[PDB]
Amino acid sequence: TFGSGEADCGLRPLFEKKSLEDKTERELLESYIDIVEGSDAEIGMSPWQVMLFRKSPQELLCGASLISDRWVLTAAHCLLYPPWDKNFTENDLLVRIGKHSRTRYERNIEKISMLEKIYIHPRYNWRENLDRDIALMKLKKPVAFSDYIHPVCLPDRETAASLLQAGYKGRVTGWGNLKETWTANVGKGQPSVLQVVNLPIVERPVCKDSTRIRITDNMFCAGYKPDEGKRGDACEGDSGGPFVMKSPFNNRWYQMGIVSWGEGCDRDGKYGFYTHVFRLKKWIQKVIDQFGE
Amino acid sequence: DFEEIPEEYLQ
Ligand SMILES: *[C@](=O)([C]([C][C][C][N]C([N])=[N])[N]C(=O)[C]1[C][C][C]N1C(=O)[C]([C]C1=[C][C]=[C][C]=[C]1)[N][C])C1=NC2=C([C]=C(C([O])=O)[C]=[C]2)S1
Ligand SMILES: *[C@@H]1O[C@H](CO)[C@@H](O)[C@H](O)[C@H]1NC(C)=O
Ligand code: NA
Ligand code: NA
């Protein structure tokens, strides 16, 4: 349904497989029953984390996620965004999996894979609001899994119905900006290692209320409200990255969203917008079923 | 600022 590695998806070698809980996952589950301003990711905390890397010049392009031993999920706008003259071909990119350090070439840890083909949702709307901001990248050859490389699960209807609720927290990860960056400054820019932040899903009415940009059912927003005190948000560079939730039903990590867009980063009254993975999952299914798992 | 990756990945 997604490719080799789906059966054991969402279970991390360094955590679930060892009956070890990461430092902030209980915060997520508590929200179900009860990157700016984030923190350094733990080793193997997000084994599905993928870094979209430009072949030449060598630079970080976006975040992404591993959904199988041969398929990588990301935001459509990460590969195609005409307004900024962006339109990559499978030949210009590489995917770096199992990474922690943003800049270091982590030999014997990370895996750099070439792309066989990229697919962008046919109805992706880059013109207005990045509607249907989803894309898939098939690796030239399957990658072997490791303590640092493991696919995330794609949500089924029941899991999505249960967890996609206002207040329910998800986890966003990426090597994106540590803060809104507009001009040269000696302050914090990009992180040294993968950043992680847990954020609550926001009620659709508030999401639409927070922006002049037209919101569609193919997206959802997350982040704390000003009155909630806590902060946190994805930022430029986190695009394409995963917004995951740990299922209380089978303790597997599911990707409910993809870092899509926002206005500024961690601004009061603003919320990060993510691609609604479940609602667009059937496209992923159609593509993978057509072009082999 | 990015450590260069093995050239075998650029081919
Ligand atoms: C992504 O990292 C960002 C993620 C930003 C998420 N922000 C928050 N607060 N959670 N995505 C973007 O920058 C997208 C891409 C197009 C413009 N954009 C925005 O978020 C816009 C708002 C918007 C939304 C919809 C339509 C138009 C505008 N911010 C005002 C990145 N993706 C890319 C980046 C850079 C480049 C590039 O080539 O320089 C390309 C893609 S950063
Ligand atoms: C991106 O460029 C390719 C050429 O390799 C192409 O055929 C195409 O239509 C592209 N996407 C855009 C800019 O709609
Ligand atoms: Na709106
Ligand atoms: Na905010």
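Residues displayed in chain A correspond, in order, to Swiss-Prot positions 328-361, 364-622.
Placement of Cβ uses the backbone N, Cα and C atoms for every residue, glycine included.
Annotation comment: Swiss-Prot describes A:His406, A:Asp462, A:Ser568 as active site, charge relay system. Feature annotation from Swiss-Prot assigns disulfide bond to A:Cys391-A:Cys407, A:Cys536-A:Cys550, A:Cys564-A:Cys594. Residues annotated as domain 'Peptidase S1' in Swiss-Prot, with sequence analysis given as evidence: A:364-618. Residues or ranges marked as N-linked glycosylation site by Swiss-Prot: A:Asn416.
Taking the features listed in Swiss-Prot, we show where each one sits on the structure.
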{"residue": "A:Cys391", "record": "disulfide bond", "contacts (Cβ under 8 Å, 6+ apart)": "A:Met380, A:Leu381, A:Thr403, A:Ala404, A:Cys407, A:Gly566, A:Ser568, A:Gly569, A:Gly570"}
{"residue": "A:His406", "record": "active site, charge relay system", "contacts (Cβ under 8 Å, 6+ apart)": "A:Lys415, A:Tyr453, A:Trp455, A:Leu459, A:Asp462, A:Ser568, A:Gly569, A:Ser589, A:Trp590"}
{"residue": "A:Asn416", "record": "N-linked glycosylation site", "contacts (Cβ under 8 Å, 6+ apart)": "A:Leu408, A:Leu409, A:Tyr410"}
{"residue": "A:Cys536", "record": "disulfide bond", "contacts (Cβ under 8 Å, 6+ apart)": "A:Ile544, A:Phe549, A:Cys550, A:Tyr600, A:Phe602"}
{"residue": "A:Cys564", "record": "disulfide bond", "contacts (Cβ under 8 Å, 6+ apart)": "A:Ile364, A:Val365, A:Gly503, A:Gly505, A:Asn506, A:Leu507, A:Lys508, A:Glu509, A:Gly591, A:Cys594, A:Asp595"}
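Ligand 1 lies under 6 Å from the Cβ of the following recorded positions, listed in sequence order from A:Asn416, A:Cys550, A:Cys594: A:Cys594. For ligand 2, the nearby recorded positions are A:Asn416; that is, of A:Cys391, A:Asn416, A:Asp462, A:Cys550, A:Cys564, these have a C-beta under 6 Å from one of its atoms. Here the recorded positions are A:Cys407, A:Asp462, A:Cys550, A:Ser568, and the one ringed by the most other CB atoms within 10 angstroms is A:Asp462. Other C-beta atoms found within 10 angstroms of the C-beta of A:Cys594 (disulfide bond) number 23, with every protein chain shown included. Here 2 residues go unmodelled in the deposited structure, bounded by A:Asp361 on one side and A:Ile364 on the other; the Cα atoms of these bounding residues are 25 Å apart. A:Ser568 (active site, charge relay system) falls within neither a helix nor a strand when secondary structure is assigned with DSSP, and so counts as coil.
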